[PDB]
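This report concerns only the one structure given below.
Cβ atoms come from the backbone with ideal geometry, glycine included; neighbour counts cover every protein chain shown. Readers should treat all values here as calculations from the given coordinates under stated rules, not as data from a laboratory.
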Amino acid sequence: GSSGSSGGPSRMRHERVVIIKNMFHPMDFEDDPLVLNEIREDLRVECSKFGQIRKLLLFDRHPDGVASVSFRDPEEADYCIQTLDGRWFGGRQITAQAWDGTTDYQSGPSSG
């Protein structure tokens with residue numbers, strides 16, 4: 001630390017999103033919505049245990065069950081990724097991790 005510009009900007013510059021695998025399947029939603037309902041809400045109630053859910057996005061397209069849980073503070077997520085890496089959804093276990101910005105799960109084509 002040192003004197004200087006003490007203050008000014010009030011924004012965060014770091015990853016604040018987490019991904020989950022083996023939590024759901026795009027085949028369970030085809031039979032009934034509830035599946036996605038309970039699952040989605042579950043991700044919001046699970047990540048809340050530590051704090052709140054700034055935003056949630058369930059990718060009901062990937063056959064490997066992929067979800068994106070946004071967080072407000074990096075302290076929570078970073079800690080929610082290690083505690084959620086062992087969660088169980090639909091009866092099976094799931095993994096957690098911090099996203100960066102390379103996957104094309106929800107993202108789209110940035111051309112034409």
Label-to-label distance, nm, for residues given as residue 70 and residue 40 (7 Å Cα→Cβ offset): 1.5 nm
Most positive-pole-ward Cα, 27, 77, 1, against dipole of the chain from beta carbon charges: 1
Folded to 0 to 90 degrees: helix 74-83 orientation relative to the chain principal axis, Cα: 40 degrees
Amide hydrogen neighbours beyond the local backbone of residue 20, cut-off 5 Å, H modeled: 67
Separation of the residue 105 and residue 32 label points, Cα + 7 Å toward Cβ, nm: 2.5 nm
Shape box of the stretch 15-100 [Cα atoms, principal axes, largest first, Å]: 38, 22, 18
Rounded to 10°, Cα long-axis angle of helix 34-46 versus longest principal axis of the chain: 30 degrees
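Assuming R0 = 41 Å, what is the FRET efficiency of residue 5 and residue 52, from their Cβ-Cβ distance, to the nearest 0.05?
After rounding, the FRET efficiency stands at 0.85.
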Estimated [θ] at 222 nm from DSSP helical runs (n ≥ 4, -39500 (n - 2.57)) normalised by residues in the chain, nearest 500: -7000 deg cm²/dmol
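Would you please name the trypsin sites (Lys or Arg not before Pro) within the stretch 1-63 that are DSSP coil residues with at most 13 other C-beta atoms within 10 Å of their C-beta?
11, 13, 61
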J(HN,Hα) series, the stretch 84-101, from Karplus relation 6.51 cos²θ - 1.76 cosθ + 1.60, nearest Hz, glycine and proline x: 8, 6, x, 5, 10, 10, x, x, 10, 6, 9, 10, 10, 6, 8, 8, 10, x
Relative contact order computed over the stretch 15-90 (Cα-Cα under 8 Å; 6+ residues apart), in percent: 43 percent
